[PDB]
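If you scroll down you'll find the structure; I have some questions about it.
Every chain is named by a letter (A, B, C, D, E, F, G, H and I) in the order it is written, and numbering of its residues begins at 1.
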Amino acid sequence: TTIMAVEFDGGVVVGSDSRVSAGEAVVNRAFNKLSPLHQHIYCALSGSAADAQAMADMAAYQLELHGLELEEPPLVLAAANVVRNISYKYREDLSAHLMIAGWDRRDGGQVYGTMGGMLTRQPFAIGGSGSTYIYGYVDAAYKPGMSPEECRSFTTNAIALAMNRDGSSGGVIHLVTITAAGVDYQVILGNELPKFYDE
Amino acid sequence: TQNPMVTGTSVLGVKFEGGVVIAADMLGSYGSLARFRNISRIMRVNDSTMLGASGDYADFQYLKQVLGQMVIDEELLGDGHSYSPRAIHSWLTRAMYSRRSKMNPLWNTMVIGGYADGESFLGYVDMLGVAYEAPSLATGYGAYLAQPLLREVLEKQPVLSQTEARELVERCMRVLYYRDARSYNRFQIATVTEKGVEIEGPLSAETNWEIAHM
Amino acid sequence: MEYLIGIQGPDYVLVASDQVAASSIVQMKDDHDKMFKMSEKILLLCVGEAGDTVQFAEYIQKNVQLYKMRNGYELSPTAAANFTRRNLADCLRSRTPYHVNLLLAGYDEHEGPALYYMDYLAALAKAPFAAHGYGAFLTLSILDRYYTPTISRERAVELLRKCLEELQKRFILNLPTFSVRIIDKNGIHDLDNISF
Amino acid sequence: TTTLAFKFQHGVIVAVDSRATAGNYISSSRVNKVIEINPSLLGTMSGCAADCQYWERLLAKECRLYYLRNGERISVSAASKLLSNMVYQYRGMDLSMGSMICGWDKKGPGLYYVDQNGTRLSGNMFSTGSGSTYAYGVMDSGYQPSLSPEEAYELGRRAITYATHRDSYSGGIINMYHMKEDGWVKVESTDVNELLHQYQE
Amino acid sequence: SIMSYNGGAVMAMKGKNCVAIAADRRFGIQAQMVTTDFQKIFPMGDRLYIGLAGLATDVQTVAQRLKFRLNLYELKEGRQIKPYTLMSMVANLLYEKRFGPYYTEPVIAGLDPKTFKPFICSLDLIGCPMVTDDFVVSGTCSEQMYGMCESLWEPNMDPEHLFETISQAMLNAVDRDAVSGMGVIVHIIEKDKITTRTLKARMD
Amino acid sequence: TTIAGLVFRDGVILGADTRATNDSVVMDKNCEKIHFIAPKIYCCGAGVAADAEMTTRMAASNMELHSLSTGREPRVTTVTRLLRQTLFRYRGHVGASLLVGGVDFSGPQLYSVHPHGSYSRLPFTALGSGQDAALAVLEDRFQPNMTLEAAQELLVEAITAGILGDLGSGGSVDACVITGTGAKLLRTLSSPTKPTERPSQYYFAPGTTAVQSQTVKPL
Amino acid sequence: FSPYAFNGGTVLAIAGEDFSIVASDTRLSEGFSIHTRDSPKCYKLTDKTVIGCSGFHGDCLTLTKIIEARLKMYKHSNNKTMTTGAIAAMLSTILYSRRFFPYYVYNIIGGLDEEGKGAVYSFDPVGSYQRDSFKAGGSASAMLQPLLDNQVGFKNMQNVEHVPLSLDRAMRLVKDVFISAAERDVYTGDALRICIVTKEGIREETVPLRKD
Amino acid sequence: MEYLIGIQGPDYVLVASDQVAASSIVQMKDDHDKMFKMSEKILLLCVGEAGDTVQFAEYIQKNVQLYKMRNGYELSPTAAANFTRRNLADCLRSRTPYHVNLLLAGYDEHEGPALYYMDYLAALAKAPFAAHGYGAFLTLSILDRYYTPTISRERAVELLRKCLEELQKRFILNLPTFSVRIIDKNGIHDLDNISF
Amino acid sequence: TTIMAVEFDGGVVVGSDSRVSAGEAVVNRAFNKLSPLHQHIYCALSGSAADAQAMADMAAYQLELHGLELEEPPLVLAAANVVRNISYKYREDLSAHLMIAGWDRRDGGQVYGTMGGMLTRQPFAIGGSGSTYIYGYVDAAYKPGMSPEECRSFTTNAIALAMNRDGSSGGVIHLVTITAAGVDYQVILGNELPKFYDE
């Protein structure tokens, strides 16, 4: 599994691979790891599919209620805190890292890593088994002031490099761009992925 | 917490004439991988107390949340009483011991610095509930690398000035960077005096690699 | 290991047991009684893990006695045997099970003499004769060879002697004396100890 | 540890050694291994010192309460049953206690052995502890029910002494008591080294 | 542990122109005592003794193999071995069994054959020497022995004072040890004579 | 144990503490840890004490044979090759951790050699349980090409840090100064600790000890 | 994860005719490093009782706080200060309440009894205890106890007068055994703290020990 | 567990041993001899792991006999004891060690009566009296209480009877008969079996 | 440990980090992991220091003798085969990957990976614990036809990215360029290493 989220001036770009694995067998080659928690808030799932799905649903429920009580769209930090709380409380039982990304009127585009109950705000985050192979790549390629188009391109490249090297990653690349205007979904199929040194 | 994920390395601390200074790098380690290179491991508790923590970062964030609320609660009363460094050190000790007794420890080693009523305070609290005070402190790998240097300087000059303590701490940070594999050359220096708690950072130590040519 | 044995005749039940109480390699007591009187016509022979036997047997004894106090008549051997099994089986999957082996001998007014065998897992079985412990391996075949359903009490005592003599010659443990009791229509009678 | 007790024509003799150890280190040579519950009741200790000290002191509390409630003084048989039921609740939890309860009640001299597994036995003579097998050999060889008081004291002293000579975990001094109808009397407190040298000569 | 299976304690003390070596006499298997006159100190020359503590079987085997080697040495070299040379000989013997060691820690005490200078040392089970100027201990009650020796030992003690010192050191040390004791034997090695004494000790 | 070495302008300085412990008890208060390999090559040993002793003795012996046949002064590199080839053969079972220092035709050389057989040539090193403390002093104050007296003071301070900070080290500091000209073995170069003076005392008279038997044998 | 740690330290107590001494070293350790050289292991309970503790410092800090609260609670419900022997009896039950997850502490109490004589009580971690004339506890306890048996108990000596132990002799002996223990035990060192309990109160004295 | 016992008098050595050969819980043989005659004045009492005892004892016996054939005189008890220990210790760290416990009794022309005790780890010790097995725990103190160095052979036999009687009353194992032999200047003599 | 070797037209560029580690302690911060087996043949060491040192010495000895017998400079493939043979034969006991790079008159600049007894010729190779973080980086940055200067720059960048992320890597960067003309050594010190996204 490889997930990544980048902050840009006015929103966020979040993407991931589509592979679900059970040992050496591919149980689902087109799974969507990008899940919406609210209108402008998304979360990327990595680790255990059952734990992540359960956590995401619990959070979506808590945030929905919270939003109707406060009569306003929930902040990205609130969504991250709710996820952090659940992740920290059940750290012994849960094996899933729910990366949070979204947009709100107070702080704009925000990316939060909440692995293991620890909450950290970053300009860009990478997770999953395949993220280890692209650390060098993102550290040398990332530049401040990137536009949404550049962010989408940056994310696609990194994910493609990880999918080629990581056995647990592969399939297609799911991409979502969140801004004030809304959510834009995008799917880069196997034959349209960026190509690099392969032989 | 039996399995710590993201951890921080050494935390240094030394008393000086009219204050306490503590240092810690900004690295969040995931095993041997340097995963989070910009996280603060030093927290201001109140106007006279600061806290540095090594070990599990999530446990430190939780302790920071609980401690922070306690201070806010106390300030709401506005009765003229506030938590001294000693009282916070005592509270932390009980908290750690309690968690350890239920076989669910908070995987952290802490250094508490403070200045109250013209007296500097420096306390250590580990995950087992072991607590004590000393003129200088160093958690984790610093105990073997930094402490020896700190103690050596205090054996010749027990009372240090703010400038001397600051320079001594920077020398220790450099050694830690040279010899500790989980360390990073980006750190913070927190100082507590009569004027309150100040946190400088990010800082870097000057490194020499002359020996490579040899 | 302790030894228990029961032989059921046409109108009586004969039981016997060793009187050794041991602690590791030393015999701490050589005249220990392993029989518990539950009622006028019911005997409970119990062996096994230290502590458990007495705790369990006494618990049954108190309940069997309480039944008689509340109703005016005694529980039958069959009902008592099933009550014992029920209780033993209830503690089987609990935190505090009872590691005991037992024999329940009794005489019912309408049903006659009865002998019940129960292992530590609470399986209950009615039998013409039975034995518990390591000694049962050397004596069960002897009972199979000489026992008849119409055996008299005099022949039963001789048959029991044969079994006990075999233990003296073949068994590695030192069991020099045995308690011998008989239950019939006139109640529980103490016979002479069989000693070697 | 070696403790022993036997009934004879003039009551009950109770004798113990006084060594406590931790591994191979001798932590004390002056432990008191006899508890005086009341003036007609004694308890001996063997096994873990904290378990024995605590549960036998708890029996003493229960014995005293029994006396205030009933106005009659608990019998040796009921005291031992109370102790055996107390420790039976913690069975399987690694308690370590081998006790002898001895006294004189309405049915005459009573002697019971009670241990951490729940074993409770009434008897004429017992020995407990790591040196108990050695004590049994000497005690059974010279024991007669018609012993005179001085002869019984000598047998008790010899059985403890020879056990401390052979068992590494036993030693120090021998504390002996004599249980009688009117109550127990502390007979003596002799160092086993003085005794063994006087037997050696 | 294998080193506490039989128990035992040995100590050597240096005096003024003399040496002392002492040991307990108990031979026992675990908690049970078998005999009270087991030999742990063997003569290896006129003024040279070796004390062995640890597994009884290895104590006898090491002493016998060492005697075998020393005898051959004396015939070939035509002289009495030096205290220091014996230490090396013993270390070599114990090191040969680096992986499958003899469970014994030897203590050497003696005076050089020509200058009569006191010499003491102690080796471990692998064969590492510890030459000291005061005392050396070995056995199940080494901690107790260290305590007694550290506070009682004085430099330049004469034969009488040295005897009292080592005697008190061993007696009080073995009395706090369950598997050591049943008597103490002491050897006072002087230039002109060897004095062997058995002390009055506890037998429990 | 704290052992340390540094290369200075004209040679090598080796250092060690003198405490030998059995688990948590001090067995020897004056163990010599700096051993002679050859006239201009010395070795400091840490780790398993019987392994260090045997390993250095075997090496010194082989190095002496080598120098008798060649008729020349032994090289530090030969000592490092003999030691490391022996240690690799035993796959770490011979637990010898060493610091090898010496001066030959090519100048001063310092090596650290570890139990499995790996080695490193460096301008300063430390080993033993007090190694981190000594290394902190070197990292903080080492400079290349120091004078003999500055290097002697630096090595003493590094060993002293291990002596005061590590419970496995103690006693005195010993040093070995090796140059092209000479070798200076300074057993007891510094004595930073000492038993207290003692207030009262104890005394045993004549026949305080009761005696059972006695045999005198005259020689 | 292990809930304990060995933090070293040695405690000694000696009872005299009208005094008791409790002494201890001040080194606190963990593994092969020293946490601090200024951590005394003897705390005052009342004006005639001192406790010395050794073992896992986490349990030592908590147990002392618990004892301190029980003394206040006892005073509130009994209208008097707990005596030395009632403190010893009460500590036994507190240690036995954690019989399945024990306090890893070796305690020694030193004080005066009701007749104004020296009293010493020694405990094992699960509560077993007894009154003694003198006692060593902690890391160097097996080095010190044999020497106290010979020099205070007069064991293994013949033709020796068993004179009563004076404060002066007891003080020199306490300093000497700790000096000997600092030479051999690696966990014992830095400084010696001696508390003398008499009818006039508790006086303290500090003496330096080897720092290595 | 097997039982061995030796009592050394001023001019003789008395030995005894149980005659039980067991297989798990059954006594397969009740008259098994545990004594091996090495020479005219030397007896080797051996117990322990099945197979090992006989293999080891026979090996020693053959070597002791070979010594006599080659030299014309018998090996002394002391030399024989040390030869036995040497061999036992040599196999201690080998692949095939001998798990045996033994007693070596003998009479030497010049040295007199000797009793040797040897455990399975090959530690050798000379002793006035000794015992092997679980029974030694119940009888060693009895020997300590009544044994004197000048005890006569008649008193020694009575002392042995005392020990064996203790086993009958205290020991949990069934050991009804013992082999009794005495070694003196006239050789090895068979005494009457002590049975219960 | 991070090692890397690149083939270029006319030679090879090989480089590595200088960190020797024992758990969390840095036992040697300036170790040279580049070892010459012959005049124009080098090997990069990763894994166990003792095993790699022993293997390198054994091979250097075998190649030296081989070269004097054949009266010519040994081929790079022969050096790789000798290393492969030792590595495969003792696979159960050795824990060290000796990467081979050099130049010969028959095949020019060659890079061989010989981990675990398996021999593979590659245009560029990466090894050690730190190599996992730069897989993505080298796959996207590597271009055929690079010059020696570019190869030196490419190698320095990759190693620097790995040193920053990998705890087992660090110190300085050793670099050697091998061609027909000879061996050129180079050391990039801590304060002269390439800088990328760090905060």
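Heads up, the rule we're going with is that contacts are C-beta pairs under 8 Å (C-beta built on N, C-alpha and C of every residue); 3 or more make two chains touch, one makes a residue touch a chain.
For reference, the UniProt names are A, B, C, E, F, G, H, I = Proteasome subunit beta; D = Proteasome subunit beta type-8.
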Quickly list, by label, the chains bordering both chain F and chain G. B, E
Can you grab the rotation angle between chain C and chain H? Superpose on CA, round to the nearest 5°. 180
When the contacting C-beta pairs are counted for F-I and for D-H, which pair yields the higher total? D-H
Whole-Å separation of chain centres (CA-atom averages), chain A against chain H: 82
Where the centres are mean C-alpha positions, what is the separation of chain C from chain F, in Å? 77
Could you tell me the distance, in whole angstrom, between the mean C-alpha positions of chain A and chain I? 37
Cα centre of chain A to Cα centre of chain D, whole Å, reads 74
Send over the residues of chain B in touch with two or more other chains. 2, 33, 141, 144, 147, 178-179, 211
Touching two or more other chains in chain F are residues 25, 122, 132, 164-165, 202, 204-205, 208-210
Multi-chain contacts in chain G: which residues touch at least two other chains? 33, 142, 156-157, 176, 183-184
Residues of chain G defined as touching chain F within the complex: 29, 31-34, 139, 151, 156-160, 169, 171-173, 175-176, 179, 182-187, 207-212
Chain I-facing residues of chain A, complex: 132-142, 157-158, 161-162, 164-165, 196-198
Could you list, by residue number, the parts of chain B that touch chain I in their complex? 29, 31-34, 37-38, 141, 178-182, 186, 202, 207, 209, 211-213
The residues of chain H that touch chain D in their complex are 137-142, 144-146, 162-163, 166, 169-170
Quick check: in the complex, which residue numbers of chain D touch chain G? 20, 22, 25, 27-28, 30-32, 48-51, 53-54, 93
